[PDB]
>>> print(open('model-v2.cif').read())   # mmCIF, C-alpha atoms; chains and numbers go by the auth columns
data_start
#
loop_
_atom_site.group_PDB
_atom_site.id
_atom_site.type_symbol
_atom_site.label_atom_id
_atom_site.label_comp_id
_atom_site.label_asym_id
_atom_site.label_seq_id
_atom_site.Cartn_x
_atom_site.Cartn_y
_atom_site.Cartn_z
_atom_site.B_iso_or_equiv
_atom_site.auth_seq_id
_atom_site.auth_asym_id
ATOM 1 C CA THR A 1 -138.424 -15.079 -20.646 0.00 1 A
ATOM 2 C CA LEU A 2 -140.765 -17.481 -22.565 0.00 2 A
ATOM 3 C CA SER A 3 -137.893 -18.649 -24.898 0.00 3 A
ATOM 4 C CA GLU A 4 -136.146 -19.329 -21.520 0.00 4 A
ATOM 5 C CA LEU A 5 -139.262 -21.207 -20.183 0.00 5 A
ATOM 6 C CA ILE A 6 -139.171 -23.458 -23.354 0.00 6 A
ATOM 7 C CA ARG A 7 -135.735 -24.980 -22.440 0.00 7 A
ATOM 8 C CA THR A 8 -136.461 -24.747 -18.629 0.00 8 A
ATOM 9 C CA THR A 9 -139.598 -26.981 -19.054 0.00 9 A
ATOM 10 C CA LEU A 10 -139.150 -30.712 -19.933 0.00 10 A
ATOM 11 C CA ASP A 11 -141.287 -30.996 -23.155 0.00 11 A
ATOM 12 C CA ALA A 12 -142.065 -27.466 -24.510 0.00 12 A
ATOM 13 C CA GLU A 13 -140.112 -27.236 -27.857 0.00 13 A
ATOM 14 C CA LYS A 14 -142.375 -29.891 -29.582 0.00 14 A
ATOM 15 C CA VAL A 15 -145.559 -28.103 -28.355 0.00 15 A
ATOM 16 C CA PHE A 16 -143.804 -24.797 -29.434 0.00 16 A
ATOM 17 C CA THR A 17 -142.967 -25.971 -33.008 0.00 17 A
ATOM 18 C CA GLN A 18 -142.697 -22.507 -34.675 0.00 18 A
ATOM 19 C CA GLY A 19 -140.738 -20.867 -31.769 0.00 19 A
ATOM 20 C CA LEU A 20 -141.845 -17.732 -29.824 0.00 20 A
ATOM 21 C CA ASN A 21 -139.577 -15.001 -31.374 0.00 21 A
ATOM 22 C CA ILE A 22 -142.553 -12.513 -31.335 0.00 22 A
ATOM 23 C CA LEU A 23 -140.001 -9.665 -31.964 0.00 23 A
ATOM 24 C CA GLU A 24 -139.460 -10.808 -35.631 0.00 24 A
ATOM 25 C CA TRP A 25 -143.206 -11.720 -36.050 0.00 25 A
ATOM 26 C CA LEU A 26 -144.163 -7.997 -35.532 0.00 26 A
ATOM 27 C CA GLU A 27 -141.052 -6.144 -36.923 0.00 27 A
ATOM 28 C CA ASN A 28 -141.247 -8.236 -40.192 0.00 28 A
ATOM 29 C CA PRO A 29 -144.832 -9.465 -40.921 0.00 29 A
ATOM 30 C CA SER A 30 -143.625 -12.011 -43.611 0.00 30 A
ATOM 31 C CA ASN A 31 -141.942 -14.295 -40.959 0.00 31 A
ATOM 32 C CA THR A 32 -145.219 -14.422 -38.876 0.00 32 A
ATOM 33 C CA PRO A 33 -146.693 -17.914 -38.217 0.00 33 A
ATOM 34 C CA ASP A 34 -150.249 -19.019 -39.261 0.00 34 A
ATOM 35 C CA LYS A 35 -153.549 -17.739 -37.695 0.00 35 A
ATOM 36 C CA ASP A 36 -154.564 -21.411 -36.886 0.00 36 A
ATOM 37 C CA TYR A 37 -151.582 -22.202 -34.546 0.00 37 A
ATOM 38 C CA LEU A 38 -151.397 -18.788 -32.726 0.00 38 A
ATOM 39 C CA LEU A 39 -155.022 -19.507 -31.546 0.00 39 A
ATOM 40 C CA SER A 40 -153.794 -22.833 -29.946 0.00 40 A
ATOM 41 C CA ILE A 41 -153.953 -22.388 -26.123 0.00 41 A
ATOM 42 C CA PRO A 42 -150.293 -22.880 -24.965 0.00 42 A
ATOM 43 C CA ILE A 43 -149.175 -19.941 -27.236 0.00 43 A
ATOM 44 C CA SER A 44 -152.491 -17.934 -27.118 0.00 44 A
ATOM 45 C CA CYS A 45 -153.033 -17.709 -23.283 0.00 45 A
ATOM 46 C CA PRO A 46 -149.726 -15.977 -22.299 0.00 46 A
ATOM 47 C CA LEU A 47 -149.654 -13.641 -25.404 0.00 47 A
ATOM 48 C CA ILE A 48 -153.218 -12.385 -24.509 0.00 48 A
ATOM 49 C CA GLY A 49 -151.878 -11.652 -20.980 0.00 49 A
ATOM 50 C CA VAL A 50 -148.961 -9.721 -22.651 0.00 50 A
ATOM 51 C CA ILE A 51 -151.535 -7.562 -24.576 0.00 51 A
ATOM 52 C CA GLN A 52 -153.401 -6.737 -21.277 0.00 52 A
ATOM 53 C CA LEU A 53 -150.089 -5.783 -19.530 0.00 53 A
ATOM 54 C CA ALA A 54 -149.174 -3.755 -22.683 0.00 54 A
ATOM 55 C CA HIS A 55 -152.489 -1.749 -22.493 0.00 55 A
ATOM 56 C CA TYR A 56 -151.625 -1.077 -18.781 0.00 56 A
ATOM 57 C CA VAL A 57 -148.151 0.219 -19.874 0.00 57 A
ATOM 58 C CA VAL A 58 -149.397 2.579 -22.677 0.00 58 A
ATOM 59 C CA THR A 59 -151.935 3.839 -20.069 0.00 59 A
ATOM 60 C CA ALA A 60 -149.297 4.445 -17.318 0.00 60 A
ATOM 61 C CA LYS A 61 -146.566 5.940 -19.612 0.00 61 A
ATOM 62 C CA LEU A 62 -148.821 8.626 -21.278 0.00 62 A
ATOM 63 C CA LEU A 63 -149.964 9.705 -17.749 0.00 63 A
ATOM 64 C CA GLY A 64 -146.291 9.987 -16.624 0.00 64 A
ATOM 65 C CA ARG B 1 -160.179 -46.207 -42.696 0.00 1 B
ATOM 66 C CA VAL B 2 -157.118 -44.818 -44.617 0.00 2 B
ATOM 67 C CA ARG B 3 -155.595 -47.948 -46.254 0.00 3 B
ATOM 68 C CA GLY B 4 -152.919 -46.741 -48.781 0.00 4 B
ATOM 69 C CA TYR B 5 -151.215 -43.298 -49.045 0.00 5 B
ATOM 70 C CA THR B 6 -148.583 -42.310 -51.692 0.00 6 B
ATOM 71 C CA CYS B 7 -147.055 -38.806 -52.155 0.00 7 B
ATOM 72 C CA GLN B 8 -145.184 -37.421 -55.249 0.00 8 B
ATOM 73 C CA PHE B 9 -142.612 -34.618 -54.491 0.00 9 B
ATOM 74 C CA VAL B 10 -142.568 -32.216 -57.506 0.00 10 B
ATOM 75 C CA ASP B 11 -140.700 -29.154 -56.103 0.00 11 B
ATOM 76 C CA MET B 12 -139.176 -28.134 -52.722 0.00 12 B
ATOM 77 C CA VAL B 13 -140.795 -26.148 -49.849 0.00 13 B
ATOM 78 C CA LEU B 14 -139.358 -23.231 -47.776 0.00 14 B
ATOM 79 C CA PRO B 15 -140.273 -22.522 -44.126 0.00 15 B
ATOM 80 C CA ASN B 16 -143.120 -19.978 -43.439 0.00 16 B
ATOM 81 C CA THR B 17 -144.814 -20.908 -46.813 0.00 17 B
ATOM 82 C CA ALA B 18 -148.646 -21.144 -47.270 0.00 18 B
ATOM 83 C CA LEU B 19 -149.491 -24.484 -49.007 0.00 19 B
ATOM 84 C CA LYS B 20 -152.908 -24.661 -50.772 0.00 20 B
ATOM 85 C CA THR B 21 -153.930 -28.376 -51.020 0.00 21 B
ATOM 86 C CA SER B 22 -157.067 -29.281 -53.113 0.00 22 B
ATOM 87 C CA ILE B 23 -158.663 -32.708 -52.311 0.00 23 B
ATOM 88 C CA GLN B 24 -160.779 -34.665 -54.866 0.00 24 B
ATOM 89 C CA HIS B 25 -162.787 -37.928 -54.459 0.00 25 B
ATOM 90 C CA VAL B 26 -162.195 -39.387 -57.979 0.00 26 B
ATOM 91 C CA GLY B 27 -162.992 -43.152 -57.907 0.00 27 B
ATOM 92 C CA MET B 28 -163.778 -46.427 -56.093 0.00 28 B
ATOM 93 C CA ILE B 29 -162.124 -49.876 -55.870 0.00 29 B
ATOM 94 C CA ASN B 30 -164.426 -52.595 -54.380 0.00 30 B
ATOM 95 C CA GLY B 31 -165.837 -50.263 -51.647 0.00 31 B
ATOM 96 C CA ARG B 32 -162.661 -48.122 -51.140 0.00 32 B
ATOM 97 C CA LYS B 33 -162.670 -44.381 -52.083 0.00 33 B
ATOM 98 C CA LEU B 34 -159.900 -42.972 -54.357 0.00 34 B
ATOM 99 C CA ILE B 35 -158.700 -39.566 -53.020 0.00 35 B
ATOM 100 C CA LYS B 36 -156.429 -37.542 -55.391 0.00 36 B
ATOM 101 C CA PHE B 37 -154.865 -34.337 -53.932 0.00 37 B
ATOM 102 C CA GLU B 38 -152.772 -31.457 -55.369 0.00 38 B
ATOM 103 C CA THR B 39 -150.812 -28.959 -53.160 0.00 39 B
ATOM 104 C CA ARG B 40 -149.631 -25.519 -54.457 0.00 40 B
ATOM 105 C CA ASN B 41 -147.656 -22.669 -52.754 0.00 41 B
ATOM 106 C CA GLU B 42 -148.253 -18.834 -52.926 0.00 42 B
ATOM 107 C CA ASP B 43 -146.703 -18.685 -56.469 0.00 43 B
ATOM 108 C CA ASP B 44 -149.340 -21.269 -57.687 0.00 44 B
ATOM 109 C CA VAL B 45 -146.611 -23.914 -58.469 0.00 45 B
ATOM 110 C CA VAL B 46 -147.343 -27.701 -58.206 0.00 46 B
ATOM 111 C CA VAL B 47 -145.542 -29.128 -55.084 0.00 47 B
ATOM 112 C CA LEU B 48 -147.396 -32.322 -53.936 0.00 48 B
ATOM 113 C CA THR B 49 -149.624 -34.827 -55.772 0.00 49 B
ATOM 114 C CA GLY B 50 -150.603 -38.350 -54.653 0.00 50 B
ATOM 115 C CA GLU B 51 -153.346 -40.984 -54.138 0.00 51 B
ATOM 116 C CA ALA B 52 -155.157 -42.197 -50.969 0.00 52 B
ATOM 117 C CA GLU B 53 -157.182 -45.454 -50.697 0.00 53 B
ATOM 118 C CA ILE B 54 -159.788 -44.819 -47.911 0.00 54 B
ATOM 119 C CA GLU B 55 -162.353 -47.379 -46.589 0.00 55 B
ATOM 120 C CA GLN B 56 -166.131 -46.831 -46.566 0.00 56 B
ATOM 121 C CA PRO B 57 -167.500 -46.577 -42.982 0.00 57 B
ATOM 122 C CA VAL B 58 -168.728 -49.882 -41.356 0.00 58 B
ATOM 123 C CA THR B 59 -171.612 -50.848 -43.693 0.00 59 B
ATOM 124 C CA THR B 60 -174.777 -52.997 -43.303 0.00 60 B
ATOM 125 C CA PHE B 61 -177.056 -53.671 -46.336 0.00 61 B
ATOM 126 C CA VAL B 62 -180.712 -54.369 -45.322 0.00 62 B
ATOM 127 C CA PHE B 63 -183.151 -55.567 -48.049 0.00 63 B
ATOM 128 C CA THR B 64 -186.872 -54.525 -47.947 0.00 64 B
#
>>> encode(input="model-v2.cif", output="structure tokens")
Amino acid sequence: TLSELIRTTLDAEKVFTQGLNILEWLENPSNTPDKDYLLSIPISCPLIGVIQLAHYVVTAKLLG
Amino acid sequence: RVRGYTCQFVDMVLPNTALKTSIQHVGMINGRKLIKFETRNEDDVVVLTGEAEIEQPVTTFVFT
């Protein structure tokens, strides 16, 4: 949905240099971008939201 | 302030690589600093060398 929002928005791809394929970044740690650019706000802000939603999920699922 | 920048390409560079650039102030030329740098990858192989002529800040000499 964010990969979608890159092409949907006028000038996103140049702000999002190193992509947002977070699937490969976690499944294979060698392909992961730097720890200086992840902390940049356009890529940091939504991913921190994702983590919060994720903690809500792993709460809800283990409760049934 | 940066006046003259040259860059020697020794070897090639893959995506997702961690470049380790060391910067040295080595000399002067009539109030311009000589910067010499040296960039290595993970495998500690020489990739980039070069020189940088950089101006002194705006200077005023005042005599006692």
>>> interface_residues(input="model-v2.cif", of="chain B", to="chain A", cutoff="10 Å", atoms="all atoms listed in the file", output="ChimeraX atom specification")
/B:15-18
>>> axis_aligned_box(input="model-v2.cif", around="region 2-11 of chain B", padding_each_side="5 Å", output="JSON")
{"center_x": -148.9, "center_y": -38.6, "center_z": -51.1, "size_x": 26.4, "size_y": 28.8, "size_z": 22.9}
>>> resolve_selection(input="model-v2.cif", expression="the PyMOL selection byres ((chain B and resi 19) around 12)", output="list in words")
residues 34 of chain A; 12, 13, 14, 15, 16, 17, 18, 20, 21, 22, 38, 39, 40, 41, 42, 43, 44, 45, 46, 47 and 48 of chain B
>>> atom_distance(input="model-v2.cif", atom1="CA of residue 38 (chain A)", atom2="CA of residue 15 (chain A)")
11.8 Å
>>> atom_distance(input="model-v2.cif", atom1="CA of residue 62 (chain B)", atom2="CA of residue 35 (chain B)")
27.6 Å
>>> resolve_selection(input="model-v2.cif", expression="the PyMOL selection byres ((chain B and resi 24) around 7)", output="PDB file with C-alpha atoms, keeping the file's coordinate frame")
ATOM      1  CA  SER B  22    -157.067 -29.281 -53.113  1.00  0.00           C
ATOM      2  CA  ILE B  23    -158.663 -32.708 -52.311  1.00  0.00           C
ATOM      3  CA  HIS B  25    -162.787 -37.928 -54.459  1.00  0.00           C
ATOM      4  CA  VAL B  26    -162.195 -39.387 -57.979  1.00  0.00           C
ATOM      5  CA  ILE B  35    -158.700 -39.566 -53.020  1.00  0.00           C
ATOM      6  CA  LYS B  36    -156.429 -37.542 -55.391  1.00  0.00           C
ATOM      7  CA  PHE B  37    -154.865 -34.337 -53.932  1.00  0.00           C
TER       8      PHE B  37
END
>>> atom_distance(input="model-v2.cif", atom1="CA of residue 33 (chain B)", atom2="CA of residue 55 (chain B)")
6.3 Å
>>> resolve_selection(input="model-v2.cif", expression="the PyMOL selection byres ((chain A and resi 22) around 12)", output="ChimeraX atom specification")
/A:1-3,18-21,23-29,31-33,38,43,47,50
>>> residues_around(input="model-v2.cif", residues="residue 5 (chain B)", least_positions_apart="5", cutoff="9 Å", atoms="only C-alpha atoms", output="PyMOL selection string")
chain B and resi 50-54
>>> write_last_selection(input="model-v2.cif", atoms="C-alpha atoms", output="JSON list (two decimals), in the frame of the given file")
[["chain", "number", "residue", "atom", "x", "y", "z"],
["B", 50, "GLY", "CA", -150.60, -38.35, -54.65],
["B", 51, "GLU", "CA", -153.35, -40.98, -54.14],
["B", 52, "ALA", "CA", -155.16, -42.20, -50.97],
["B", 53, "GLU", "CA", -157.18, -45.45, -50.70],
["B", 54, "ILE", "CA", -159.79, -44.82, -47.91]]
>>> decode(input="model-v2.cif", residues="region 23-64 of chain B", atoms="N, CA and C atoms", output="mmCIF file, in the first residue's frame")
data_model
loop_
_atom_site.group_PDB
_atom_site.id
_atom_site.type_symbol
_atom_site.label_atom_id
_atom_site.label_comp_id
_atom_site.auth_asym_id
_atom_site.auth_seq_id
_atom_site.Cartn_x
_atom_site.Cartn_y
_atom_site.Cartn_z
ATOM 1 N N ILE B 23 39.029 10.718 6.128
ATOM 2 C CA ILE B 23 39.308 12.095 5.628
ATOM 3 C C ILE B 23 40.509 12.648 6.388
ATOM 4 N N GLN B 24 41.482 13.190 5.651
ATOM 5 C CA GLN B 24 42.748 13.728 6.213
ATOM 6 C C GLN B 24 42.972 15.140 5.666
ATOM 7 N N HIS B 25 43.193 16.109 6.558
ATOM 8 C CA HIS B 25 43.769 17.442 6.241
ATOM 9 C C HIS B 25 45.290 17.286 6.175
ATOM 10 N N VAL B 26 45.885 17.484 4.997
ATOM 11 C CA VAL B 26 47.291 17.061 4.716
ATOM 12 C C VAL B 26 48.178 18.282 4.446
ATOM 13 N N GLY B 27 47.631 19.379 3.918
ATOM 14 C CA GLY B 27 48.459 20.494 3.428
ATOM 15 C C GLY B 27 47.692 21.785 3.242
ATOM 16 N N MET B 28 48.419 22.828 2.847
ATOM 17 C CA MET B 28 47.873 24.164 2.516
ATOM 18 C C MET B 28 48.378 24.582 1.136
ATOM 19 N N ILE B 29 47.674 25.516 0.504
ATOM 20 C CA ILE B 29 48.201 26.258 -0.675
ATOM 21 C C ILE B 29 47.620 27.678 -0.660
ATOM 22 N N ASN B 30 48.436 28.614 -0.166
ATOM 23 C CA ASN B 30 48.142 30.065 -0.033
ATOM 24 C C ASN B 30 46.750 30.258 0.587
ATOM 25 N N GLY B 31 46.524 29.649 1.757
ATOM 26 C CA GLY B 31 45.317 29.836 2.586
ATOM 27 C C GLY B 31 44.164 28.948 2.148
ATOM 28 N N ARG B 32 44.459 27.843 1.457
ATOM 29 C CA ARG B 32 43.463 26.817 1.047
ATOM 30 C C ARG B 32 43.907 25.454 1.577
ATOM 31 N N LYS B 33 43.014 24.755 2.280
ATOM 32 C CA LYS B 33 43.311 23.460 2.942
ATOM 33 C C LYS B 33 43.305 22.346 1.892
ATOM 34 N N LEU B 34 44.291 21.450 1.966
ATOM 35 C CA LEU B 34 44.341 20.205 1.158
ATOM 36 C C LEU B 34 43.684 19.088 1.969
ATOM 37 N N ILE B 35 42.536 18.608 1.495
ATOM 38 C CA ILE B 35 41.863 17.387 2.020
ATOM 39 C C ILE B 35 42.249 16.227 1.100
ATOM 40 N N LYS B 36 42.730 15.125 1.678
ATOM 41 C CA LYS B 36 42.938 13.833 0.976
ATOM 42 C C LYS B 36 42.082 12.779 1.676
ATOM 43 N N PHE B 37 41.256 12.068 0.909
ATOM 44 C CA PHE B 37 40.311 11.052 1.432
ATOM 45 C C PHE B 37 40.610 9.700 0.790
ATOM 46 N N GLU B 38 40.084 8.649 1.417
ATOM 47 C CA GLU B 38 40.329 7.231 1.055
ATOM 48 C C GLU B 38 39.124 6.412 1.527
ATOM 49 N N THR B 39 38.360 5.848 0.587
ATOM 50 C CA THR B 39 37.101 5.109 0.861
ATOM 51 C C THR B 39 37.304 3.612 0.608
ATOM 52 N N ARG B 40 36.975 2.794 1.609
ATOM 53 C CA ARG B 40 37.063 1.312 1.561
ATOM 54 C C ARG B 40 35.664 0.727 1.767
ATOM 55 N N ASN B 41 35.465 -0.518 1.330
ATOM 56 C CA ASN B 41 34.203 -1.285 1.501
ATOM 57 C C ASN B 41 34.355 -2.206 2.721
ATOM 58 N N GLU B 42 33.447 -3.176 2.884
ATOM 59 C CA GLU B 42 33.457 -4.163 4.001
ATOM 60 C C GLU B 42 34.751 -4.983 3.943
ATOM 61 N N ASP B 43 35.176 -5.369 2.736
ATOM 62 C CA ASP B 43 36.317 -6.296 2.501
ATOM 63 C C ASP B 43 37.651 -5.549 2.654
ATOM 64 N N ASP B 44 37.617 -4.270 3.053
ATOM 65 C CA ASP B 44 38.818 -3.429 3.299
ATOM 66 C C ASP B 44 39.632 -3.351 2.000
ATOM 67 N N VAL B 45 38.965 -3.019 0.888
ATOM 68 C CA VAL B 45 39.589 -2.850 -0.459
ATOM 69 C C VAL B 45 39.442 -1.381 -0.867
ATOM 70 N N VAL B 46 40.517 -0.795 -1.401
ATOM 71 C CA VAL B 46 40.571 0.641 -1.799
ATOM 72 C C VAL B 46 39.584 0.824 -2.955
ATOM 73 N N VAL B 47 38.686 1.810 -2.842
ATOM 74 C CA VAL B 47 37.615 2.093 -3.845
ATOM 75 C C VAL B 47 37.776 3.517 -4.387
ATOM 76 N N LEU B 48 37.795 4.512 -3.494
ATOM 77 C CA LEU B 48 37.892 5.950 -3.857
ATOM 78 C C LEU B 48 39.067 6.608 -3.142
ATOM 79 N N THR B 49 39.885 7.324 -3.907
ATOM 80 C CA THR B 49 40.843 8.337 -3.410
ATOM 81 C C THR B 49 40.544 9.643 -4.141
ATOM 82 N N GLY B 50 41.140 10.735 -3.677
ATOM 83 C CA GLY B 50 41.018 12.043 -4.339
ATOM 84 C C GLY B 50 41.498 13.168 -3.451
ATOM 85 N N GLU B 51 41.479 14.384 -3.999
ATOM 86 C CA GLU B 51 41.951 15.631 -3.350
ATOM 87 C C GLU B 51 40.799 16.637 -3.340
ATOM 88 N N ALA B 52 40.805 17.539 -2.364
ATOM 89 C CA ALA B 52 39.796 18.608 -2.213
ATOM 90 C C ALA B 52 40.487 19.875 -1.715
ATOM 91 N N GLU B 53 40.501 20.911 -2.553
ATOM 92 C CA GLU B 53 40.947 22.276 -2.177
ATOM 93 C C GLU B 53 39.762 22.969 -1.505
ATOM 94 N N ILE B 54 39.915 23.351 -0.235
ATOM 95 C CA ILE B 54 38.838 23.992 0.573
ATOM 96 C C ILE B 54 39.379 25.290 1.173
ATOM 97 N N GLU B 55 38.611 26.372 1.020
ATOM 98 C CA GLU B 55 38.956 27.732 1.509
ATOM 99 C C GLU B 55 38.988 27.733 3.038
ATOM 100 N N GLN B 56 39.837 28.589 3.602
ATOM 101 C CA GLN B 56 39.729 29.056 5.005
ATOM 102 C C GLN B 56 38.410 29.822 5.113
ATOM 103 N N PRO B 57 37.752 29.840 6.295
ATOM 104 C CA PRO B 57 36.675 30.795 6.565
ATOM 105 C C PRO B 57 37.097 32.255 6.333
ATOM 106 N N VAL B 58 36.131 33.172 6.246
ATOM 107 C CA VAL B 58 36.382 34.625 5.999
ATOM 108 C C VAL B 58 37.247 35.156 7.147
ATOM 109 N N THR B 59 38.426 35.676 6.814
ATOM 110 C CA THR B 59 39.538 35.894 7.770
ATOM 111 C C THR B 59 39.844 37.390 7.846
ATOM 112 N N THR B 60 40.068 37.876 9.069
ATOM 113 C CA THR B 60 40.559 39.243 9.362
ATOM 114 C C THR B 60 41.734 39.155 10.337
ATOM 115 N N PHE B 61 42.901 39.631 9.900
ATOM 116 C CA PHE B 61 44.130 39.741 10.720
ATOM 117 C C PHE B 61 44.143 41.119 11.381
ATOM 118 N N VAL B 62 44.274 41.134 12.708
ATOM 119 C CA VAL B 62 44.296 42.375 13.534
ATOM 120 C C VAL B 62 45.567 42.362 14.390
ATOM 121 N N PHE B 63 46.385 43.405 14.244
ATOM 122 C CA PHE B 63 47.767 43.482 14.778
ATOM 123 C C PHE B 63 47.757 44.349 16.039
ATOM 124 N N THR B 64 48.293 43.803 17.131
ATOM 125 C CA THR B 64 48.317 44.410 18.490
ATOM 126 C C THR B 64 49.148 45.700 18.487
#
